[PDB]
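input.cif (mmCIF, C-alpha atoms)
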data_protein
loop_
_atom_site.label_atom_id
_atom_site.label_comp_id
_atom_site.auth_asym_id
_atom_site.auth_seq_id
_atom_site.Cartn_x
_atom_site.Cartn_y
_atom_site.Cartn_z
CA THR A 1 -28.33 1.45 -21.80
CA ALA A 2 -24.82 1.82 -20.43
CA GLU A 3 -24.83 5.40 -21.76
CA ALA A 4 -27.89 6.23 -19.64
CA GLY A 5 -26.73 4.15 -16.64
CA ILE A 6 -23.22 5.54 -16.37
CA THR A 7 -24.05 9.23 -16.86
CA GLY A 8 -24.32 11.09 -13.55
CA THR A 9 -22.81 11.28 -10.09
CA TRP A 10 -21.02 8.47 -8.32
CA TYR A 11 -19.54 8.10 -4.89
CA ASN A 12 -16.71 5.93 -3.63
CA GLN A 13 -15.91 4.15 -0.47
CA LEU A 14 -13.40 6.86 0.59
CA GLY A 15 -15.82 9.81 0.21
CA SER A 16 -14.77 10.95 -3.30
CA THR A 17 -17.27 12.15 -5.97
CA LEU A 18 -17.22 11.26 -9.68
CA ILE A 19 -19.36 13.36 -12.04
CA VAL A 20 -19.33 11.82 -15.47
CA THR A 21 -21.06 12.02 -18.85
CA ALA A 22 -21.02 8.93 -21.07
CA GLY A 23 -21.19 9.86 -24.76
CA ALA A 24 -23.14 7.75 -27.28
CA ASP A 25 -19.97 6.44 -28.92
CA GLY A 26 -17.85 5.66 -25.90
CA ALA A 27 -16.49 8.93 -24.44
CA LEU A 28 -16.32 9.56 -20.68
CA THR A 29 -15.88 13.18 -19.62
CA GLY A 30 -16.36 14.90 -16.33
CA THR A 31 -14.74 15.72 -13.02
CA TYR A 32 -13.37 13.99 -9.95
CA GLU A 33 -13.13 15.26 -6.41
CA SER A 34 -10.89 13.10 -4.13
CA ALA A 35 -11.53 12.91 -0.39
CA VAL A 36 -7.96 11.66 0.20
CA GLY A 37 -4.38 12.39 -0.83
CA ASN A 38 -2.59 15.36 -2.31
CA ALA A 39 -5.78 16.82 -3.80
CA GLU A 40 -8.31 19.61 -3.36
CA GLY A 41 -11.28 20.80 -5.39
CA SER A 42 -12.23 19.17 -8.66
CA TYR A 43 -10.03 17.68 -11.37
CA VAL A 44 -10.69 16.95 -15.01
CA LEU A 45 -11.60 13.34 -15.82
CA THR A 46 -11.51 11.67 -19.20
CA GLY A 47 -11.97 8.09 -20.29
CA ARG A 48 -13.72 5.51 -22.47
CA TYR A 49 -16.37 2.82 -22.08
CA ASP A 50 -17.80 -0.01 -24.22
CA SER A 51 -20.82 1.67 -25.80
CA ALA A 52 -22.24 -1.66 -27.03
CA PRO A 53 -21.80 -4.05 -24.06
CA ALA A 54 -22.86 -7.69 -23.94
CA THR A 55 -26.50 -8.43 -23.14
CA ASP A 56 -25.79 -11.70 -21.30
CA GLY A 57 -25.58 -10.27 -17.77
CA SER A 58 -22.01 -9.03 -18.09
CA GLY A 59 -20.83 -5.66 -16.84
CA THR A 60 -19.75 -2.82 -19.12
CA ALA A 61 -15.98 -2.31 -19.39
CA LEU A 62 -14.65 1.19 -18.81
CA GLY A 63 -11.75 3.29 -17.64
CA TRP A 64 -10.70 6.83 -16.96
CA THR A 65 -7.81 9.02 -15.93
CA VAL A 66 -7.32 12.00 -13.65
CA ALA A 67 -4.09 14.02 -13.59
CA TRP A 68 -3.80 15.53 -10.14
CA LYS A 69 -3.30 19.10 -11.29
CA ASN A 70 -5.87 21.88 -11.06
CA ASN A 71 -5.80 25.57 -10.07
CA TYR A 72 -5.26 24.83 -6.39
CA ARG A 73 -2.86 21.87 -6.39
CA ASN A 74 -0.35 19.85 -8.38
CA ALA A 75 0.60 16.48 -6.89
CA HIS A 76 2.73 15.57 -9.96
CA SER A 77 0.71 12.37 -10.23
CA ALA A 78 -2.06 10.74 -12.27
CA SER A 79 -4.50 7.92 -11.51
CA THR A 80 -6.24 5.52 -13.89
CA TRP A 81 -9.30 3.54 -12.88
CA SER A 82 -10.11 0.34 -14.78
CA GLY A 83 -13.32 -1.54 -14.17
CA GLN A 84 -16.86 -2.31 -15.07
CA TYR A 85 -20.27 -0.74 -14.63
CA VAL A 86 -22.97 -3.06 -13.25
CA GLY A 87 -26.51 -1.69 -13.75
CA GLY A 88 -29.83 -2.12 -11.94
CA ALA A 89 -31.27 -1.11 -8.56
CA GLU A 90 -27.91 -1.48 -6.77
CA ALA A 91 -25.77 -0.09 -9.58
CA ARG A 92 -22.00 -0.04 -9.16
CA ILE A 93 -18.80 0.91 -10.87
CA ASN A 94 -16.24 -1.61 -9.59
CA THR A 95 -12.64 -0.56 -10.27
CA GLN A 96 -8.90 -1.22 -9.83
CA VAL A 97 -6.83 2.00 -9.63
CA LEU A 98 -3.20 2.76 -10.50
CA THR A 99 -1.68 6.00 -9.16
CA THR A 100 1.72 6.96 -10.70
CA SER A 101 3.80 9.81 -9.30
CA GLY A 102 6.58 11.45 -11.28
CA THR A 103 9.89 10.10 -9.94
CA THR A 104 13.58 10.00 -10.68
CA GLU A 105 14.65 6.89 -12.59
CA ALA A 106 16.27 5.59 -9.37
CA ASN A 107 12.91 5.80 -7.53
CA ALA A 108 10.75 4.45 -10.38
CA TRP A 109 10.24 1.15 -8.54
CA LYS A 110 8.13 3.08 -5.98
CA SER A 111 6.30 5.29 -8.51
CA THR A 112 2.96 3.42 -8.82
CA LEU A 113 0.33 2.58 -6.19
CA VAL A 114 -2.38 -0.02 -6.76
CA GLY A 115 -5.77 0.15 -5.06
CA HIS A 116 -9.44 -0.56 -5.61
CA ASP A 117 -12.47 1.76 -5.60
CA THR A 118 -16.15 0.84 -5.61
CA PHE A 119 -18.60 3.49 -6.76
CA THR A 120 -22.30 3.68 -5.96
CA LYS A 121 -25.10 6.11 -6.86
CA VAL A 122 -25.81 7.00 -3.19
CA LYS A 123 -23.31 8.47 -0.70
#

What does this structure look like when you write it as structure tokens?
Amino acid sequence: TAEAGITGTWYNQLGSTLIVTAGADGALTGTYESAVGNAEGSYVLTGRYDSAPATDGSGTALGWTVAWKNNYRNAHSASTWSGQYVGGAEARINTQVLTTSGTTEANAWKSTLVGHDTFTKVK
């Protein structure tokens, strides 16, 4: 199931660690530790996934958010990852990521980064 496949620890191409629990009805909850940027220690993660995905070979749509504030740091920023889980022996979460920083209205045009993150079950 996607519930069983998503739940656990994932690692990205930059050295970051996702620890997530997928709930039976579509909740994603957990923590994120980024290896880059204005971040240190773990941050709360919340999101949603399709808890009844297609059975035709398609991936399982999901997304989550992290606000970059914890006890050690506040980067006045939040990232959202949007993507799909692909199961099996070489399981992946393939994502596109938006990172928005709080800005003045004048600087809003440079508020949001776009990137892409690929997560695997092994480091």

**Study point:** Selection as a PyMOL selection string: residues within 8 Å of (-24.9, 2.1, -6.7), counting all atoms listed in the file
**Key:** chain A and resi 10+89-93+119-122

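With only C-alpha atoms as the atoms that count, the minimum distance from residue 69 in chain A to the choices A:2, A:86, A:52, A:44 is reached by A:44.
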
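Across A:112, A:46, A:80, A:71, the tightest approach to residue 28 in chain A is made by A:46 when counting all atoms listed in the file.
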
Review point. Quick one: residues within 8 Å of residue 101 in chain A, all atoms listed in the file counted, chain neighbours fewer than 6 positions away excluded, as a ChimeraX atom specification?
Key: /A:75-78,111-112

Take the residues that were just selected and, keeping C-alpha atoms, output them as a JSON list (two decimals), keeping the file's coordinate frame.
[["chain", "number", "residue", "atom", "x", "y", "z"],
["A", 75, "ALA", "CA", 0.60, 16.48, -6.89],
["A", 76, "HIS", "CA", 2.73, 15.57, -9.96],
["A", 77, "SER", "CA", 0.71, 12.37, -10.23],
["A", 78, "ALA", "CA", -2.06, 10.74, -12.27],
["A", 111, "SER", "CA", 6.30, 5.29, -8.51],
["A", 112, "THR", "CA", 2.96, 3.42, -8.82]]

Practice item. Carefully work through the PyMOL selection byres ((chain A and resi 3) around 9) for this structure and note down the residues it includes, as JSON, numbers by chain. Key: {"A": [1, 2, 4, 5, 6, 7, 21, 22, 23, 24, 25, 26, 49, 51]}

Point to revise | Residue nearest residue 33 in chain A among A:95, A:17, A:82, A:107 (counting only C-alpha atoms) | key: A:17

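Across A:16, A:103, A:74, A:55, the tightest approach to residue 87 in chain A is made by A:55 when counting only C-alpha atoms.
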
Check your understanding: In Å to one decimal, how far is CA of residue 102 in chain A from CA of residue 79 in chain A?
Key -> 11.6 Å

Review point. Which residues fall under the PyMOL selection byres ((chain A and resi 30) around 6) in this file, as number ranges by chain?
Key: A: 19-20, 29, 31, 45

Residues from last step as file, C-alpha atoms, as a PDB file, in the coordinates of the input:
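Once written, again_33.pdb looks like this:
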ATOM      1  CA  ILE A  19     -19.360  13.360 -12.040  1.00  0.00           C
ATOM      2  CA  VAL A  20     -19.330  11.820 -15.470  1.00  0.00           C
ATOM      3  CA  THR A  29     -15.880  13.180 -19.620  1.00  0.00           C
ATOM      4  CA  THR A  31     -14.740  15.720 -13.020  1.00  0.00           C
ATOM      5  CA  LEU A  45     -11.600  13.340 -15.820  1.00  0.00           C
TER       6      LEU A  45
END

Review point. Nearest to residue 9 in chain A: which of A:108, A:100, A:40, A:32 is it, counting all atoms listed in the file?
Key: A:32

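CA of residue 98 in chain A sits 15.5 Å away from CA of residue 12 in chain A.
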
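Across the model, the gap from CA of residue 65 in chain A to CA of residue 11 in chain A is 16.1 Å.
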
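If you measure from each of A:109, A:53, A:96, A:68 to residue 39 in chain A using all atoms listed in the file, the closest one turns out to be A:68.
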
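Evaluated against this file, the PyMOL selection byres ((chain A and resi 60) around 6) yields residues 53, 59, 61, 84 and 85 of chain A.
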